[PDB]
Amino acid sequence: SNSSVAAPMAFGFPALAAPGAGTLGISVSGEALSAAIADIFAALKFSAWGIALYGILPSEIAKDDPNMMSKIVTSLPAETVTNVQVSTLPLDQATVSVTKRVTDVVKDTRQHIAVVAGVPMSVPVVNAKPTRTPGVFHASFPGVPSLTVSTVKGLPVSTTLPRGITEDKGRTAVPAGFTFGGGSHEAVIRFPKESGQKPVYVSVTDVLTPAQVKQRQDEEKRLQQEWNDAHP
């Protein structure tokens, strides 16, 4: 009974979106990344480090999503995550190098959305295709079979966090660990040249249940111990 497309969030602020017949629908406006978010990102300066941005409380998310169908979606202007001119990459290239990613991390037996950087990394790059509805483009990328993006430039944007997602305080970077991104799927989405729309980076994260978080936390601990023990 929700609409087919979510209202637009300011870039860097997450929305909860659920699929309608397998398709997630999101929207983006045309305001720049807020200085606040840009500053947390600038603080991230041979292993990846990350700064937690939002905490996830699955039991709180369940109050508005009892069947746990919603994903956490965060979007950024693509220039925020890469300096590559993506429109000029070869037609057959599936990925693009990035300087940072917004993806999930598990620490202290809790899931968070963090910005991570520090080592060479890429994400899939795909083309959004035009549809029969003005301003709505359709994309498909690894882990997200169907996503529509509505380019609603001019509309106001929201920074209000939905129940179950909280703002993490602090800008201190911590090692990213071993399983970062385990619950996320990201891509840089390119729009038709005729549209005039600049590419957008989208990160879609699964809301992990307490059982899933514990499993990942246990995996993180084990991989860390193995790494520790395998040093000279």
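From 1 onward, residues are counted along the sequence shown.
Please say, as none, 1 to 3, 4 to 9, or 10 or more, how many residues of the deposited sequence are without coordinates in the interval between residue 169 and residue 170. Unmodelled stretch: none, continuous chain.
29-37 versus 52-60 - greater average Cα B-factor per the deposited record: For C-alpha atoms only, the mean B-factor is higher in 29-37.
Can you let me know which of the two, 68-76 or 86-94, has the higher average C-alpha B-factor in the entry? Per the PDB entry, the higher value belongs to 86-94.
Between 207, 204, 44, 189, let me know which has the highest C-alpha B-factor in the entry? When the deposited C-alpha B-factors of 207, 204, 44, 189 are compared, 44 is largest.
Residue, from 101, 110, 138, 153, that the PDB entry assigns the highest Cα B-factor: Spelled out: the listed residue with the top C-alpha B-factor is 110.
Relative to the other modelled residues of the same chain, rank the CA B-factor of residue 19 and answer lowest, middle or highest third. Its C-alpha B-factor, which the entry lists for residue 19, ranks in the highest third among residues of this chain.
Should residue 185 be placed in the lowest, middle or highest third of its chain by the C-alpha B factor in the entry? Residue 185: CA B-factor falls in the lowest third of its chain.
Split the chain's modelled residues into thirds by Cα B-factor; is residue 165 in the lowest, middle or highest one? Middle third - that is where residue 165 ends up once the chain's C-alpha B-factors are sorted.
Ranked by Cα temperature factor within the chain, is residue 124 in the lowest third, the middle third or the highest third? According to the entry, residue 124 has a C-alpha B-factor in the chain's lowest third.
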